[PDB]
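In what follows, a structure is listed as structure tokens, so that the remarks can point back to it.
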Amino acid sequence: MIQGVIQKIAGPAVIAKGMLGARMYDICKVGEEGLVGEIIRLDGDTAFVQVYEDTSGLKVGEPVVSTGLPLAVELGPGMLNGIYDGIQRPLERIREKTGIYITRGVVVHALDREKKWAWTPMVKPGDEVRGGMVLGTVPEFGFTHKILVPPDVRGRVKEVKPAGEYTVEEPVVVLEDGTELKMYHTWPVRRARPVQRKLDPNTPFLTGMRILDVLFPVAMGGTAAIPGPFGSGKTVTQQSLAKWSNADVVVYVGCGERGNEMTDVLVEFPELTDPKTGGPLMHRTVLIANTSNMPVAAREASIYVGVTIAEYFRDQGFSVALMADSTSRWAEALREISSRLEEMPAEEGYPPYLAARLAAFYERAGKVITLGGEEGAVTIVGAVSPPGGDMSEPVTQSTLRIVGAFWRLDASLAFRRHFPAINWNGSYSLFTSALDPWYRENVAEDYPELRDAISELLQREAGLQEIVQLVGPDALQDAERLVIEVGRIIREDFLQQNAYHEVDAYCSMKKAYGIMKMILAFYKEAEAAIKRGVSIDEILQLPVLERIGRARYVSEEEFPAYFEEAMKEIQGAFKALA
Amino acid sequence: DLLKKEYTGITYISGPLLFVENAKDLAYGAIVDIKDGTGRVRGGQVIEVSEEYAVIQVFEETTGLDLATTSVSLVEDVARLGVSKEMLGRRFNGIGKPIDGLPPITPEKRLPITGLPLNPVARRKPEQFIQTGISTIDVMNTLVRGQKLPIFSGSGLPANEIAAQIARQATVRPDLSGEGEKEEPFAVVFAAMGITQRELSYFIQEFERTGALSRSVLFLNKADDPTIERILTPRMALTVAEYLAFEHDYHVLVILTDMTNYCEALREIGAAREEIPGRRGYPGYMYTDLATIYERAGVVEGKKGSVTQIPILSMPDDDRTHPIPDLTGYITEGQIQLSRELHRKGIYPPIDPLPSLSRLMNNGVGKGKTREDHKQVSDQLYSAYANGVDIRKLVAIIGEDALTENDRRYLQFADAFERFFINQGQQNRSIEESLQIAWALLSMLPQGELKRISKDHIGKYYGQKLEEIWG
Amino acid sequence: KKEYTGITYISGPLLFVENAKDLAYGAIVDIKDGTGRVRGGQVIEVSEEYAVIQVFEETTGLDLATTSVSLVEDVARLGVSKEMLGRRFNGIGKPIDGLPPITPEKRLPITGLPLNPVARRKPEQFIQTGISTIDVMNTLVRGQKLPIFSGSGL
Ligand SMILES: Nc1ncnc2c1ncn2[C@@H]1O[C@H](COP(=O)(O)OP(=O)(O)O)[C@@H](O)[C@H]1O
Ligand SMILES: [Mg+2]
């Protein structure tokens, strides 16, 4: 293979010479230690390599060897309940081989070669096979991991192994062509795994948060973006989605963020319970971690590794939720590499191809028909960190044109400790109309009417605050004061949610429906009582306001009695006030 | 080895950069010695090497150098610091040389100053509550052992006095936490970058009066010292702190005097090399460079010691959206922000609670740690104060006499809050006293307005009077 | 027919080919590599010594040893016919609905000539769009350019 020597070292970038015949985006070994690198520019006899590890201590003249293959991940059993770095190395074995610090040049297999799995075949000799078809089944933490033919492999079965226990290296199916299929295979991270047909979004993604589940829904195959300044609530929202959503498999990508949050996930999750399985919550989670003090060039690789793993779990018939902790650090890394290449920058110094990468990353999401005929889906939620809270950032504007949902956060709401601090005035969802047939079947026949009625009250309150800031709240009429008070009730009681409370952290759909029904019934009764001459300040002294104001903290199995008690108290209040 | 290799043939000197041609044997990131024609030796570091030529940045000033008599010799391939337990009680300059007149340290180890990343598996959750004696911090922005909690300050505001008071009054509370284990006092590692004589003389006297110099290591880079030395100082300080914490089970408190000077020193070198800038001319890799400094704190599983950081930085023109505060807040676990408006009124310490934040508060408070009503009281105070501030804003438009009684209650609450809870002077308060004052303040409001507090806690604690404590 | 193998530089979307002065400016070329895959491209700069080609899609797998470039067409042209009604295309005329490609009645350059201002006439007949707020108050006339200004969630 191609072998050369180092010519120039400067930070994360190494230029090697004598590399004629090397191909673009192949993986190289740099130096005597063997640091992993990637070719990004060919110029005559030389090549430009970005190194995925720290380059301090290197000297000019050390050998460079090209493997001739692009970056690839190993896909197979044994990936759940594990934590990986940016280029898929298990951290809990680096912890064994090294101290408490991460060093250079550690070579670990991604999948354990010593664990033995219970193999059960499905194909028999003489069968025709094709990419995407199932070969066998292996149990894993209550799942049934299905061994798949690689997407580009075709042939006829010659012999299979019987039922028994084998490692992932043992060949189970041998074809007439001579190829041997193992329990795992490798796939390049920059190539999207092929599908058969894309489907329509018609099933909601339940997050457990009232505002996101009701006002700004997202479908099972949709994409959403959550931008905001620092200390607004992105990380807590994404971890709540990891804890409480109804997805089968959750993939978490910590691109360029703190290590303490990864430690928090690693510690807290094994004590929790899966909402649909009953086992530990960590048995369905894959963590890809690349903290801020880890090397810069590995930030780009972690996103592709995570999305490739999420696509692999889609092909088995699962629904996967993918959370990207910060996609702004990816853009910052691309800007940092571009300074060494001496290219002409675009606006804000980013390389001109930034918008193509983001568009190609969000395009992988959706509900598909797999090559094996099953039905799976991948949904992506990506956080954006604009500099200084400037929403006109190029990354924010590029993300805004391709996502189907947009959950904007506000710093002013976060200052006063009003969470989740979603800015209602600048947020939207494009999946609201397509999910209406599902809500009528599963929640209630009148649910869209209630949601629209709540939206009308919020819009009317928003249109009246321009007068309160001008002449004070006490200059308005009685009905306007009632509208303001009901808007305050909605804002304080329905939208607000404490993620650290024992009961309020998770809210089902029917509980939110009941709360909306209670609020609308109170609003209509108060509006009727206004016409009878009753003053507005008399109405807000009623004890039924406490019942609505504390319906959040009622347990899930105690809510049906509380709702029917409150609906009777509503009649008991206004029929005796005047 | 004993051998040393000389390099003549310098071809370009300008500003902080020096160029040497036939030097392909210098490793990237190595430390060099630059010898003048008069025999004076200055330091340097290789920042780009090639088989054609090499680029060296110079720490000291370039006065007196020339292209005919200057020579460059290699010191070591990787920048290292000799660390020892003997460093406690010593003073060093920005590059680790003694300035107290004592003989140098006999090393036990030689550790790289760039450091290595901590493995996320090897960490653990910081949960030990630290009592600083300031009500605005202990109750609403609680600090735990192993946290990074910078202080956001202005030009004329007293951040140094607050830092000294925190270092003087900080202690854990074993009786509340149920551990029962007493502690030795904190070891303080102090790193100054571009500090003036007026502040340094205050810090030295404050450390002398409390007897903390016997447990302290000081790294001093003054304002009349060379600028490029500021790149090394936080790395030296954090290397010593990490060695002491994770090798000898010390509890280390780290104070960095001004990160604004560090960012200016970084911008000078970045503009010399013509990097692609970010906002306001700062280099595009400033987020990564700052990340390697802050992320060296925390707690390690299976080890007793810990590192706690209190960086101090000044916001230019009191702007929170300047690149330095923005990139600092995107990394750290919170911040403490001072208010000039509170400082004008004589309130000390002038901590503004609304923009302040502590991310690790939920780990170290609650039942069995401080008290069962900590978090709900903290939330209710925030909501009531925000309502009071909004009513203050509305009064300036519509006038005070048009207010109802409900708005006047919140106005008086905000006034009493500022005059009694934030303003405490130099006195030391336990957590119980702070919670008692907070409950006394909340008793002014109607009982039905305490939405965020559970009814059992309200029945247990409501009904205090503030005037009995002082009158 | 002719194929140029003098590649000297590959970075991002651009590549340089030496001794390629025969290529016209704006010409469409195809890039063939060692795996047999064929990519598209466009010449954006011609000189005496080399030409610059902007490549469609990614540049993964290309190398300076085996890559070759051939000429497809001097200018970008489109084959048009009355059988295009009822068809879907991908943006460069390639059908995507699965039907056989249309036979071209003519081949026309996609960069059209300007209209002579003296050959125009005044628009005087309207179009019924079926929307009240457009048909009544903002009526659209045959030959008008009337954009719609929208927002993010609209
Ligand atoms: N739903 C919520 N309930 C309670 N507290 C919250 C909620 N969301 C955010 N917070 C608070 O806001 C802070 C924001 O933290 P984090 O989300 O990690 O920062 P960022 O949004 O900059 O990533 C946290 O310390 C947390 O205590
Ligand atoms: Mg975060």
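Taken in order, these protein sequences are the chains called A, B and C.
Using the working numbering, you'd call the opening residue of the first sequence number 766 and step up by one each time.
Using the working numbering, you'd call the opening residue of the second sequence number 17 and step up by one each time.
Using the working numbering, you'd call the opening residue of the third sequence number 3 and step up by one each time.
Note that beta-carbon positions come from the ideal geometry of N, C-alpha and C, so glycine has one too.
Contact residues within the segment 818-843 of chain A, judged by C-beta distance below 9 Å to chain B: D819, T820, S821, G822, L823, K824, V825, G826
Neighbouring residues (CB closer than 6 Å to any heavy atom of ligand 2): A/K999, A/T1000, A/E1022
9 Å Cβ cut-off: residues of chain C touching A/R806: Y11, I12, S13, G14
Any chain B beta carbon closer than 8 Å to A/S1150: yes
Residues near B/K198 by beta carbon distance below 7 Å, same chain, minus five either side: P190
Within chain A, partners of B/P136 - CB distance below 8 Å: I848, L856, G1024, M1027, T1028, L1031, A1054, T1056
Completely contained alpha helix (DSSP H) runs for the segment 789-855 of chain A, where each covers 4 or more residues: none
Beta-carbon neighbours of C/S154, restricted to chain A and to distances below 9 Å: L1165, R1166, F1171, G1191, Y1193
B/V62 and B/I50 closer than 8 Å at C-beta: no
Residue range of the unbroken alpha helix (DSSP H) whose run includes C/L101: Taken as a continuous stretch (DSSP letters only), C/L101 belongs to no alpha helix (DSSP H), as it is neither H nor E.
Straight-line gap, A/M1059 to B/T304 (C-alpha atoms, nearest Å): 9 Å
B/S450 versus B/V155 - alpha carbon distance: 7 Å
Closer than 7 Å: A/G993 CB and nearest ligand 1 heavy atom: yes
Cα-Cα separation between B/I111 and B/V411, rounded to whole angstroms: 56 Å
Any non-hydrogen atom of ligand 1 closer than 7 Å to A/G996 Cβ: yes
Distance between beta carbons of A/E930 and A/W1009, contact taken as under 8 Å: A/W1009 to A/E930, Cβ: 36 Å. No contact.
From B/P133, B/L33, B/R161, B/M302, residue whose alpha carbon lies closest to that of B/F145: B/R161
Boundaries (first-last residue) of the beta strand (DSSP E) holding A/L971: Neither: A/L971 is in no beta strand (DSSP E) and is coded neither H nor E.
Closer than 7 Å: A/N1263 CB and nearest ligand 1 heavy atom: yes
Minimum C-alpha distance to B/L33 - residue among B/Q163, B/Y364, B/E64, B/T276: B/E64
Beta-carbon spacing of A/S1067, A/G809 below 8 Å: no
Minimum C-alpha distance to A/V1015 - residue among A/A778, A/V939, A/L845: A/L845
Beta-carbon gap between B/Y266 and B/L260 smaller than 8 Å: yes
Cβ-heavy atom distance, A/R1181 to ligand 1, below 7 Å: no
Whole-angstrom distance between A/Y849 and A/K794, CA atom to CA atom: 21 Å
With 16 other Cβ atoms within 10 Å as the buried cut-off, status of C/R109: exposed
Own chain, CB closer than 7 Å to B/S470, minus 5 neighbours either side, in chain order: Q392
Length of the line joining the Cα atoms of A/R854 and A/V838: 10 Å
Reduced DSSP category for A/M784 - H, G, I as helix; E, B as strand; rest coil: coil
Rounded distance between the beta-carbons of A/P969 and A/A990, thought under 8 Å: Between A/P969 and A/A990 the Cβ distance is about 18 Å, and since that is not below 8 Å, they are no contact.
Residues, ordered as in the chain, of the segment 1114-1132 of chain A that lie near chain C by beta-carbon distance below 9 Å: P1116, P1117, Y1118
Local Cβ density within 10 Å of B/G286, reported as buried at 16 or more and exposed below that: buried
Exposure label - C/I150; buried when at least 16 CB within 10 Å: exposed
Interface residues of chain C facing A/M766 [CB-CB closer than 8 Å]: The premise fails here: A/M766 is roughly 13 Å from chain C at the closest Cβ pair, so nothing lies under 8 Å.
Proximity test, B/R375 beta-carbon vs ligand 1 heavy atom, cut-off 7 Å: yes
A/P1185: CB within 7 Å of a non-hydrogen atom of ligand 1: yes
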